[PDB]
Amino acid sequence: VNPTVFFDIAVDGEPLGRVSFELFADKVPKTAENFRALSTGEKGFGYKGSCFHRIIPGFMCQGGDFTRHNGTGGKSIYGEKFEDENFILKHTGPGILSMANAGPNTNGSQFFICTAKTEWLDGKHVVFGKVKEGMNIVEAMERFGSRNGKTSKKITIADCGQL
Amino acid sequence: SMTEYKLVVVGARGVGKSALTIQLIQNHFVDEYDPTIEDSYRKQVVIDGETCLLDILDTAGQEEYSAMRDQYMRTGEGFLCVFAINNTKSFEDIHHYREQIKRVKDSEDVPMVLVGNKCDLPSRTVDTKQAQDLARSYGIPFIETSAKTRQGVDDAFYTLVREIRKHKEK
Ligand SMILES: CCn1c(-c2cc(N3CCN(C4CC4)CC3)cnc2[C@H](C)OC)c2c3cc(ccc31)-c1csc(n1)C[C@H](NC(=O)[C@H]1[C@@H]3COC[C@@H]31)C(=O)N1CCC[C@H](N1)C(=O)OCC(C)(C)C2
Ligand SMILES: Nc1nc2c(ncn2[C@@H]2O[C@H](COP(=O)(O)OP(=O)(O)NP(=O)(O)O)[C@@H](O)[C@H]2O)c(=O)[nH]1
Ligand SMILES: [Mg+2]
């Protein structure tokens, strides 16, 4: 069975709501396991307390920099970065969960949640999950974004874990 | 009142477009790489004894979006064309940016400055003569810069303003 994880989202420290994700361990086990472990914090580090630093309405919400908290950082459970596992799954629509990167084989911890189909990212970003519950929370996050992604309020993962 | 100049910083990803702009505006540098979506800044300066307002567009070098540059190229008045002196591919990318700018603005006379950035680094792969020769073939200035040491930062932007002034007073 594919694991499911949750984020409790907060806006300037005020709770907004919970988003849950199915992680496609049946197709991308290494990538799903990284996200799962970072969501539980079981390695001593992970997503709890980190923010969504880039939110672009019409496109995606991006987060996961828990090392520097400025969009430049993050790290995986395997080392600073790990390879692109496969590109079997595509960016088919809102709710897709996919890895951010800085080019081939640079997956760390940063990720993005699609709010639209982003097919030109197919074959460049590893898709590894999708929103299960709480898509309305992701939609509610979009109004805190902007054209270039800078956010107007601090959007954080106040808590996270495995269900 | 003071004149505003619309400067656009272009070049391959990672060459230092943002670091140069941030050195100009904020007087600092960090080794961390925060890739640009699109950023805009304003700064007043004095150039040749004349106060003016720089409107600077810091563009994405991410090549997958190369089809999305026409509008900012039409709007921009002058272009800082940046490569890194340790990255030959970014120097090769310069020709394509210049040809794109000329094609979009439909002119052979577009204010531009060629900027060889990262001159603090020992691993140089693009000779100074190689870049000077290209800039001469383009009819534009060439300036070597380091966003890390601040070498040439003011000079690169101020020179681009001077180029725009010549074009407007032609
Ligand atoms: C040209 C402007 N522009 C656009 C864009 C494009 C479009 N289209 C393209 C598609 N067309 C259809 C075919 C017809 C329609 C018009 C419209 N309007 C826009 C924006 C709003 O105009 C301002 C984008 C976009 C993306 C980048 C740069 C400029 C961009 C960019 C820079 S770096 C990167 N992308 C990958 C990035 N890397 C890092 O963050 C590294 C940090 C350090 O190391 C770890 C971590 C990363 O993984 N992601 C995770 C994935 C989404 C991605 N960010 C991101 O933000 O995409 C933003 C956006 C809006 C989706 C795309
Ligand atoms: N040593 C040195 N490093 C530099 C210099 N300019 C930029 N860098 C480094 O090069 C990396 C990329 O710089 P950045 O300014 O983000 O480049 P960019 O052209 O804006 N990239 P993008 O097109 O993705 O926005 C960063 O790690 C930055 O610290 C420089 O003059 N010297
Ligand atoms: Mg930049």
# chains A, B, ... in the order shown; residues from 1 in each chain; ligands from 1
call {"tool": "closest_atom_pairs", "arguments": {"of": "chain B", "to": "ligand 2", "cutoff": "6 Å", "atoms": "only C-alpha atoms and all ligand atoms", "output": "tab-separated table"}}
result
residue	atom	partner	partner_atom_place_in_ligand_line	distance
B:12	CA	ligand 2	23 (O)	5.9
B:13	CA	ligand 2	23 (O)	3.5
B:14	CA	ligand 2	21 (N)	3.6
B:15	CA	ligand 2	19 (O)	4.0
B:16	CA	ligand 2	15 (O)	3.2
B:17	CA	ligand 2	19 (O)	3.8
B:18	CA	ligand 2	15 (O)	3.7
B:19	CA	ligand 2	15 (O)	3.6
B:30	CA	ligand 2	29 (O)	5.2
B:31	CA	ligand 2	29 (O)	3.2
B:32	CA	ligand 2	27 (O)	4.5
B:33	CA	ligand 2	26 (C)	4.1
B:34	CA	ligand 2	16 (O)	5.3
B:35	CA	ligand 2	24 (O)	3.7
B:36	CA	ligand 2	25 (O)	3.6
B:60	CA	ligand 2	23 (O)	4.3
B:61	CA	ligand 2	23 (O)	3.2
B:62	CA	ligand 2	23 (O)	5.7
B:117	CA	ligand 2	31 (O)	5.2
B:118	CA	ligand 2	31 (O)	3.4
B:120	CA	ligand 2	32 (N)	5.8
B:121	CA	ligand 2	1 (N)	5.6
B:146	CA	ligand 2	31 (O)	3.5
B:147	CA	ligand 2	31 (O)	3.7
B:148	CA	ligand 2	31 (O)	4.6
call {"tool": "residues_around", "arguments": {"residues": "residue 94 in chain A", "least_positions_apart": "4", "cutoff": "10 Å", "atoms": "only C-alpha atoms", "output": "list in words"}}
result
residues 58, 59, 60, 113, 114, 115, 116, 117, 118, 130, 131, 135, 138 and 139 of chain A
call {"tool": "write_last_selection", "arguments": {"atoms": "N, CA and C atoms", "output": "PDB file, in the first residue's frame"}}
result
ATOM      1  N   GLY A  58      -2.252  29.939 -10.430  1.00  0.00           N
ATOM      2  CA  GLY A  58      -2.357  29.366 -11.748  1.00  0.00           C
ATOM      3  C   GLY A  58      -1.352  28.269 -12.037  1.00  0.00           C
ATOM      4  N   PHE A  59      -0.363  28.055 -11.158  1.00  0.00           N
ATOM      5  CA  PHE A  59       0.708  27.120 -11.473  1.00  0.00           C
ATOM      6  C   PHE A  59       1.029  26.165 -10.327  1.00  0.00           C
ATOM      7  N   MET A  60       1.548  26.655  -9.201  1.00  0.00           N
ATOM      8  CA  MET A  60       1.993  25.702  -8.185  1.00  0.00           C
ATOM      9  C   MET A  60       2.329  26.413  -6.881  1.00  0.00           C
ATOM     10  N   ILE A 113       3.507  21.490  -5.375  1.00  0.00           N
ATOM     11  CA  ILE A 113       2.153  20.977  -5.544  1.00  0.00           C
ATOM     12  C   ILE A 113       1.534  21.759  -6.689  1.00  0.00           C
ATOM     13  N   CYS A 114       1.135  21.050  -7.743  1.00  0.00           N
ATOM     14  CA  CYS A 114       0.545  21.711  -8.899  1.00  0.00           C
ATOM     15  C   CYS A 114      -0.857  22.193  -8.575  1.00  0.00           C
ATOM     16  N   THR A 115      -1.198  23.365  -9.095  1.00  0.00           N
ATOM     17  CA  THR A 115      -2.576  23.845  -9.042  1.00  0.00           C
ATOM     18  C   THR A 115      -3.188  23.914 -10.430  1.00  0.00           C
ATOM     19  N   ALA A 116      -2.515  23.320 -11.411  1.00  0.00           N
ATOM     20  CA  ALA A 116      -2.908  23.288 -12.811  1.00  0.00           C
ATOM     21  C   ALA A 116      -2.054  22.215 -13.460  1.00  0.00           C
ATOM     22  N   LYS A 117      -2.411  21.844 -14.686  1.00  0.00           N
ATOM     23  CA  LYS A 117      -1.571  20.937 -15.463  1.00  0.00           C
ATOM     24  C   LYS A 117      -0.305  21.673 -15.904  1.00  0.00           C
ATOM     25  N   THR A 118       0.871  21.065 -15.660  1.00  0.00           N
ATOM     26  CA  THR A 118       2.158  21.690 -15.979  1.00  0.00           C
ATOM     27  C   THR A 118       2.985  20.683 -16.794  1.00  0.00           C
ATOM     28  N   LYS A 130       0.311  12.663  -5.033  1.00  0.00           N
ATOM     29  CA  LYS A 130      -0.769  13.590  -5.352  1.00  0.00           C
ATOM     30  C   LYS A 130      -1.560  13.886  -4.089  1.00  0.00           C
ATOM     31  N   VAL A 131      -2.150  15.082  -4.050  1.00  0.00           N
ATOM     32  CA  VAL A 131      -3.036  15.435  -2.952  1.00  0.00           C
ATOM     33  C   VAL A 131      -4.182  14.438  -2.871  1.00  0.00           C
ATOM     34  N   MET A 135      -7.391  19.490  -0.941  1.00  0.00           N
ATOM     35  CA  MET A 135      -7.020  20.322  -2.074  1.00  0.00           C
ATOM     36  C   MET A 135      -7.543  21.739  -1.905  1.00  0.00           C
ATOM     37  N   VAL A 138      -4.880  23.845  -0.463  1.00  0.00           N
ATOM     38  CA  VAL A 138      -3.905  24.290  -1.456  1.00  0.00           C
ATOM     39  C   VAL A 138      -4.467  25.447  -2.273  1.00  0.00           C
ATOM     40  N   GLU A 139      -5.734  25.349  -2.678  1.00  0.00           N
ATOM     41  CA  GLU A 139      -6.355  26.458  -3.389  1.00  0.00           C
ATOM     42  C   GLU A 139      -6.360  27.711  -2.530  1.00  0.00           C
TER      43      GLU A 139
END
call {"tool": "residues_near_ligand", "arguments": {"ligand": "ligand 1", "cutoff": "8 Å", "atoms": "only C-alpha atoms and all ligand atoms", "output": "ChimeraX atom specification"}}
result
/A:54-56,58-60,62,71-74,98-103,106-108,110-112,118-121,125,147-149 /B:33-38,59-62,65-66,68-69
call {"tool": "residues_around", "arguments": {"residues": "residue 139 in chain B", "least_positions_apart": "4", "cutoff": "12 Å", "atoms": "only C-alpha atoms", "output": "list in words"}}
result
residues 98, 108, 109, 110, 111, 112, 113, 114, 132, 133, 134, 135 and 163 of chain B
call {"tool": "closest_residue", "arguments": {"among": "B:115, B:54, B:82, B:131", "to": "residue 5 in chain B", "atoms": "only C-alpha atoms"}}
result
B:54
call {"tool": "select_by_dssp", "arguments": {"residues": "range 10-82 of chain A", "states": "helix (DSSP H, G or I)", "output": "ChimeraX atom specification"}}
result
/A:29-40
call {"tool": "write_last_selection", "arguments": {"atoms": "C-alpha atoms", "output": "PDB file, in the first residue's frame"}}
result
ATOM      1  CA  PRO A  29       9.868   4.124  -4.050  1.00  0.00           C
ATOM      2  CA  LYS A  30      13.118   6.000  -3.440  1.00  0.00           C
ATOM      3  CA  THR A  31      11.503   9.393  -4.018  1.00  0.00           C
ATOM      4  CA  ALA A  32       8.355   8.586  -2.038  1.00  0.00           C
ATOM      5  CA  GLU A  33      10.469   7.306   0.859  1.00  0.00           C
ATOM      6  CA  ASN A  34      12.479  10.550   0.967  1.00  0.00           C
ATOM      7  CA  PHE A  35       9.311  12.631   1.192  1.00  0.00           C
ATOM      8  CA  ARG A  36       7.765  10.238   3.726  1.00  0.00           C
ATOM      9  CA  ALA A  37      10.814  10.292   6.018  1.00  0.00           C
ATOM     10  CA  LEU A  38      11.096  14.075   5.750  1.00  0.00           C
ATOM     11  CA  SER A  39       7.407  14.362   6.663  1.00  0.00           C
ATOM     12  CA  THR A  40       7.859  12.242   9.817  1.00  0.00           C
TER      13      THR A  40
END
call {"tool": "closest_residue", "arguments": {"among": "A:154, A:91, A:124, A:43", "to": "chain B", "atoms": "only C-alpha atoms"}}
result
A:124
call {"tool": "residues_around", "arguments": {"residues": "residue 158 in chain A", "least_positions_apart": "3", "cutoff": "6 Å", "atoms": "only C-alpha atoms", "output": "number ranges by chain"}}
result
A: 8-10, 49
call {"tool": "select_by_dssp", "arguments": {"residues": "range 7-169 of chain B", "states": "strand (DSSP E or B)", "output": "JSON, numbers by chain"}}
result
{"B": [7, 8, 9, 10, 11, 38, 39, 40, 41, 42, 43, 44, 45, 46, 47, 50, 51, 52, 53, 54, 55, 56, 57, 58, 59, 78, 79, 80, 81, 82, 83, 84, 112, 113, 114, 115, 116, 117, 142, 143, 144]}
call {"tool": "write_last_selection", "arguments": {"atoms": "N, CA and C atoms", "output": "tab-separated table (two decimals), in the first residue's frame"}}
result
chain	number	residue	atom	x	y	z
B	7	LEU	N	16.59	49.06	-17.84
B	7	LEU	CA	17.67	48.12	-18.06
B	7	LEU	C	17.17	46.70	-17.85
B	8	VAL	N	17.64	45.77	-18.68
B	8	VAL	CA	17.26	44.37	-18.59
B	8	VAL	C	18.53	43.54	-18.53
B	9	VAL	N	18.61	42.63	-17.57
B	9	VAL	CA	19.79	41.79	-17.39
B	9	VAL	C	19.43	40.40	-17.89
B	10	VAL	N	20.19	39.92	-18.89
B	10	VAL	CA	19.91	38.65	-19.55
B	10	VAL	C	21.20	37.85	-19.60
B	11	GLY	N	21.04	36.55	-19.83
B	11	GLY	CA	22.17	35.64	-19.90
B	11	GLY	C	21.77	34.28	-19.37
B	38	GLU	N	11.42	36.14	-11.99
B	38	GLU	CA	11.52	37.48	-12.57
B	38	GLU	C	11.53	38.46	-11.41
B	39	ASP	N	12.48	39.38	-11.40
B	39	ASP	CA	12.54	40.38	-10.33
B	39	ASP	C	12.79	41.75	-10.92
B	40	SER	N	12.29	42.76	-10.23
B	40	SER	CA	12.39	44.14	-10.69
B	40	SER	C	12.88	45.00	-9.54
B	41	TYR	N	13.74	45.96	-9.85
B	41	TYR	CA	14.34	46.82	-8.84
B	41	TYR	C	14.41	48.24	-9.36
B	42	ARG	N	14.57	49.18	-8.43
B	42	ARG	CA	14.74	50.58	-8.77
B	42	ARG	C	15.86	51.15	-7.92
B	43	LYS	N	16.68	52.01	-8.52
B	43	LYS	CA	17.77	52.64	-7.80
B	43	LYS	C	18.12	53.94	-8.49
B	44	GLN	N	18.27	55.01	-7.71
B	44	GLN	CA	18.74	56.26	-8.28
B	44	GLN	C	20.25	56.33	-8.15
B	45	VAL	N	20.89	56.86	-9.19
B	45	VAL	CA	22.34	56.96	-9.25
B	45	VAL	C	22.69	58.29	-9.90
B	46	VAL	N	23.97	58.64	-9.82
B	46	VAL	CA	24.52	59.78	-10.55
B	46	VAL	C	25.54	59.24	-11.54
B	47	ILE	N	25.34	59.56	-12.81
B	47	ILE	CA	26.20	59.09	-13.89
B	47	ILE	C	26.61	60.30	-14.72
B	50	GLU	N	24.87	63.45	-13.53
B	50	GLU	CA	23.45	63.58	-13.86
B	50	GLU	C	22.68	62.48	-13.15
B	51	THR	N	21.84	62.88	-12.20
B	51	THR	CA	21.05	61.92	-11.44
B	51	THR	C	20.00	61.26	-12.33
B	52	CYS	N	19.82	59.95	-12.15
B	52	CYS	CA	18.83	59.24	-12.95
B	52	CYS	C	18.34	58.02	-12.19
B	53	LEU	N	17.26	57.45	-12.69
B	53	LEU	CA	16.57	56.35	-12.02
B	53	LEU	C	16.72	55.10	-12.87
B	54	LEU	N	17.35	54.07	-12.30
B	54	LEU	CA	17.50	52.80	-12.99
B	54	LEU	C	16.31	51.92	-12.65
B	55	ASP	N	15.59	51.48	-13.68
B	55	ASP	CA	14.55	50.47	-13.55
B	55	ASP	C	15.15	49.19	-14.12
B	56	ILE	N	15.46	48.23	-13.25
B	56	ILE	CA	16.23	47.05	-13.64
B	56	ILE	C	15.34	45.83	-13.58
B	57	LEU	N	15.23	45.14	-14.71
B	57	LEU	CA	14.56	43.85	-14.78
B	57	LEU	C	15.62	42.75	-14.74
B	58	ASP	N	15.55	41.91	-13.71
B	58	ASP	CA	16.42	40.74	-13.55
B	58	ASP	C	15.65	39.52	-14.08
B	59	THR	N	16.10	38.96	-15.20
B	59	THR	CA	15.35	37.91	-15.89
B	59	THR	C	15.86	36.52	-15.54
B	78	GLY	N	17.76	48.94	-22.73
B	78	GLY	CA	19.15	48.54	-22.83
B	78	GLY	C	19.34	47.22	-22.12
B	79	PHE	N	20.35	46.45	-22.57
B	79	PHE	CA	20.50	45.07	-22.14
B	79	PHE	C	21.91	44.82	-21.65
B	80	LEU	N	22.01	44.33	-20.41
B	80	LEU	CA	23.26	43.82	-19.87
B	80	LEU	C	23.28	42.34	-20.23
B	81	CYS	N	24.20	41.96	-21.12
B	81	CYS	CA	24.30	40.60	-21.63
B	81	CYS	C	25.45	39.92	-20.89
B	82	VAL	N	25.10	39.04	-19.96
B	82	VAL	CA	26.04	38.51	-18.97
B	82	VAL	C	26.41	37.08	-19.32
B	83	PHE	N	27.71	36.79	-19.31
B	83	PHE	CA	28.21	35.43	-19.30
B	83	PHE	C	29.19	35.31	-18.13
B	84	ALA	N	29.56	34.08	-17.79
B	84	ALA	CA	30.55	33.85	-16.75
B	84	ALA	C	31.88	33.47	-17.38
B	112	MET	N	23.43	47.88	-25.63
B	112	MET	CA	23.82	46.64	-24.96
B	112	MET	C	25.22	46.81	-24.39
B	113	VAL	N	25.51	46.02	-23.36
B	113	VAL	CA	26.85	45.90	-22.80
B	113	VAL	C	27.12	44.42	-22.57
B	114	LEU	N	28.26	43.93	-23.05
B	114	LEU	CA	28.70	42.57	-22.78
B	114	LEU	C	29.41	42.56	-21.43
B	115	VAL	N	28.99	41.66	-20.55
B	115	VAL	CA	29.53	41.57	-19.19
B	115	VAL	C	30.10	40.18	-18.98
B	116	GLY	N	31.41	40.11	-18.73
B	116	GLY	CA	32.04	38.87	-18.33
B	116	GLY	C	32.14	38.81	-16.82
B	117	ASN	N	31.25	38.04	-16.18
B	117	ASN	CA	31.17	38.01	-14.73
B	117	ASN	C	32.01	36.87	-14.14
B	142	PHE	N	32.53	46.15	-23.52
B	142	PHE	CA	32.74	44.93	-22.75
B	142	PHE	C	33.33	45.32	-21.40
B	143	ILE	N	32.80	44.75	-20.32
B	143	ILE	CA	33.23	45.04	-18.97
B	143	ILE	C	33.38	43.72	-18.23
B	144	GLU	N	34.52	43.52	-17.58
B	144	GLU	CA	34.69	42.36	-16.71
B	144	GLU	C	34.23	42.71	-15.30
call {"tool": "residues_around", "arguments": {"residues": "residue 86 in chain A", "least_positions_apart": "2", "cutoff": "9 Å", "atoms": "only C-alpha atoms", "output": "count of residues only"}}
result
9
call {"tool": "closest_residue", "arguments": {"among": "B:25, B:2, B:67, B:126", "to": "residue 91 in chain B", "atoms": "only C-alpha atoms"}}
result
B:126
call {"tool": "closest_residue", "arguments": {"among": "A:2, A:146, A:105, A:76", "to": "chain B", "atoms": "only C-alpha atoms"}}
result
A:146
call {"tool": "closest_residue", "arguments": {"among": "B:71, B:22, B:151, B:160", "to": "ligand 3", "atoms": "only C-alpha atoms and all ligand atoms"}}
result
B:22
call {"tool": "closest_residue", "arguments": {"among": "A:163, A:155, A:150, A:51", "to": "chain B", "atoms": "only C-alpha atoms"}}
result
A:150
